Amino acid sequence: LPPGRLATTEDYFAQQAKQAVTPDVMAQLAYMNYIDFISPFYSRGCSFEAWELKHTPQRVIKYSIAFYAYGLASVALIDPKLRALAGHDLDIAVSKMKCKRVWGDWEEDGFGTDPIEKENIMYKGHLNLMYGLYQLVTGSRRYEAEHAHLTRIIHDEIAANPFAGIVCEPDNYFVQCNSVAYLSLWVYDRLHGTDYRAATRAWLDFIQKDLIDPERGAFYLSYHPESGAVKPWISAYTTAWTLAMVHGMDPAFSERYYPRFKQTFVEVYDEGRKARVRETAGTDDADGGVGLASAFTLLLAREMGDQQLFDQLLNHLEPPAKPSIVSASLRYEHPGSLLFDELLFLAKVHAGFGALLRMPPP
């Protein structure tokens, strides 16, 4: 047990086998659920005090809710005794996800008054996946009508575009946001025996043709269909996220690029005990850009079963954040980045997006 760590990497990877979350993961669930009014998963309502206290920028809240929801789905898998709870939290996640505080930047930016009609795939992709994960966990048909509507919007929009996928802001295409949307199609198919996921092959072909540097195993920052532009910089956090979720749809894809990605962005240090991730090429700096390179790589390492890298990244990320457990509840005194406890939570419990996809009934 490394100094400033709460549990061993072995303990995290063993949770499914044990059918029990680690104590610190339980304490994170306590943070998420325990205290009236200010815990993030206290209420269905449009109250965002937990995110206010964390100083989460408005635009980041949707992702915060999304990654919490994904971690919750894995908890449901790990411990049957917490599955009812995880499902309750997922219900709340979907409710909050639909509040105007969360999706409102779309309207404020001038893009329209409806966040799902088109193009907000950074938002509606996550929402569609959450609809799905909720139903897999709980078997409830509470959101089935909305799930169907949103899934058709997504499929149709994919089908109509000359490129494979959907944009975020108009004329902005992000490979990582698309992989949420496609993953959500796989989940809808599992629930209903449909074949929306058929679109995935063209998408995987497309992103491999111009959006990736195959040699370095890294995706370019973004693509912009009307100009044809592919932004010249490769992005680690973008690649880590995308490979993690693609791994749940096409494992050979991610297994192909994963060791090249590591070669390109990952800096092991401190005699092998720790690792840092560079955000782009031509630099020595770790976690530039949005600062999420190391955290998303922590999730990718978990998805790929790479326990050594996971242990290395966590040894870098968690200790300076200064974790403590007070009254059986987890706090970080110095969160190192945006989405910090969210991504650390997700990575600690992540069962694989492939496993989430094929979740047992009840």
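Numbering starts at 1 and runs along the sequence shown. In this text, the rigid core denotes the largest set of C-alpha atoms whose superposition between the two forms falls within 1.5 Å.
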By Cα RMS to this form in 5 other deposited structures of this protein after fitting the core, the stretch ranking higher of 288-296 and 163-171 is 163-171
Tell me which stretch has the larger mean Cα B-factor in this entry, 95-103 or 160-168. 160-168
Please compare 207-215 with 231-239 and say which has the higher mean C-alpha temperature factor in the record. 207-215
Largest Cα B-factor, entry values, listed residues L85, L221, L127, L191: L191
Going by what the PDB entry lists, where does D311 fall on CA B-factor within its chain: lowest, middle or highest third? lowest
Split the chain's modelled residues into thirds by Cα B-factor; is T113 in the lowest, middle or highest one? highest
When the modelled residues of the chain are sorted by Cα temperature factor, does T283 land in the lowest, middle or highest third? highest
Thinking about Cα B factors across the chain, which third does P323 belong to? highest
Going by what the PDB entry lists, where does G71 fall on CA B-factor within its chain: lowest, middle or highest third? lowest
